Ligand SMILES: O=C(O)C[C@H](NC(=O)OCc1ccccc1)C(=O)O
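Okay, here we've got a single chain as structure tokens, the form deposited without the named molecule, with questions on binding and movement later.
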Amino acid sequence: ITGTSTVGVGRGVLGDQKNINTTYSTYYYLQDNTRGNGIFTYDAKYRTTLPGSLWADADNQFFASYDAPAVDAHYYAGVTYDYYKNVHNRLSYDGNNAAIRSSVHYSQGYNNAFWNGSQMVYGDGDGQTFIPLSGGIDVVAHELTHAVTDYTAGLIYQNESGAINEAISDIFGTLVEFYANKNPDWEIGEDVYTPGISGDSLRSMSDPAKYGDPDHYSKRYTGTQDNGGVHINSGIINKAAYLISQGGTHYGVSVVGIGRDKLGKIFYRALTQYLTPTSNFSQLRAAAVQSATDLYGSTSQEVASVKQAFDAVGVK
């Protein structure tokens, strides 16, 4: 980890060639010194001990199939860092250039990725439901966004607060996907989910109900599974964010879209200034309204569209 900054080349999970920032000191390590206090990628070696070994490579070429998840985790963490810095003037997830650490090859056949409070963790998938999860830029940015949330609003991962937490991660993951312009859409995880099946995804922001997630508050899940429905009830907020950006008419309520850039600015302000650990959906509405008011004025179209979007999903 002390060494010379250089640039290697590899291939990602989807077979695309990319340049990655590495560090040389006997080996070439997946350590990018160009962004904050660094981006570090580790090999968990199919175990669950974390973080594992800082990724070392002998020749600075990462074309082995074992390398692919590491290349993508490392590269997409950099892209996400760039988004937050360039678009929102935020230096890493803590606002003070905290090192970003990711471990890949976590466990065996593990169909998930997560932020654990310290670092990102990516399974390889079982090869049927998922391929290695770091192949999805929206997934990577979703996870890194959990770190942002943790250092700002601190939304508890239960019930409505947790659904907001999830939605925020889906929103910014999507916004990062659009920023990188990597075949962007309003779907989540499409690039790594069900390699055997075309056109699906884990979740949809444009139409959450496509996969049985609610798209209206009256359809919210109130049981105890999934921490009280954090990945299920996120669909209500996701639909609202999609409406704010893209517009549409939903359950008879019409929303004029104000586009992705303004969506991002509103939600980022809401997240960093107004939300608290126990914020519920109703408070999110107030926060988003206040945020749009701050940025664009109380008689703006932007404020009107935020109100319409939350009315469309039944959030008062």
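All residue numbers are counted from 1 along the displayed sequence.
- Per-stretch averaging of Cα B factors for 50-58 and 287-295 places 287-295 on top.
- The PDB entry reports B-factors from which the mean C-alpha value can be compared for 116-124 and 87-95; the larger average falls on 87-95.
- In the PDB entry, the Cα temperature factor peaks, among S103, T145, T129, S234, at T129.
- Of the candidates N238, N183, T174, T149, it is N183 whose Cα B-factor is highest according to the PDB record.
- In this PDB entry, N19 carries a Cα temperature factor that places it within the middle third of its chain's modelled residues.
- Per the deposited record, the Cα B-factor of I266 falls in the middle third when ranked against the other modelled residues of its chain.
- In the deposited entry, the Cα temperature factor of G252 places it in the highest third of its chain's modelled residues.
- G136: CA B factor in the middle third of modelled residues in this chain (values from the PDB entry).
- Ranked by C-alpha B-factor against the other modelled residues of its chain, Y242 falls in the lowest third.
Just so it is clear, the following notes concern the form deposited with the named molecule bound, a form of the same protein that is not shown.
- If you check the named molecule in the entry with it bound, you find no heavy atom from any of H216, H250 and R285 within 4.5 Å.
- Using a 4.5 Å cutoff between non-hydrogen atoms, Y221 does not count as a contact of the named molecule in the entry with it bound.
- Interface residue remark: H231 is counted as part of the site for the named molecule in the entry with it bound, having a heavy atom within 4.5 Å.
- At a distance threshold of 4.5 angstroms between non-hydrogen atoms, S107 is out of contact with the named molecule in the entry with it bound.
- Among residues of the shown chain, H74 is not one whose heavy atoms approach the named molecule to within 4.5 Å in the entry with it bound.
- Of the stretches 235-243, 82-90, 204-212, 138-146, only 138-146 has residues with a heavy atom within 4.5 Å of the named molecule in the entry with it bound.
- Note on contacts: among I100, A153, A113, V176, the single residue with a heavy atom within 4.5 Å of the named molecule in the entry with it bound is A113.
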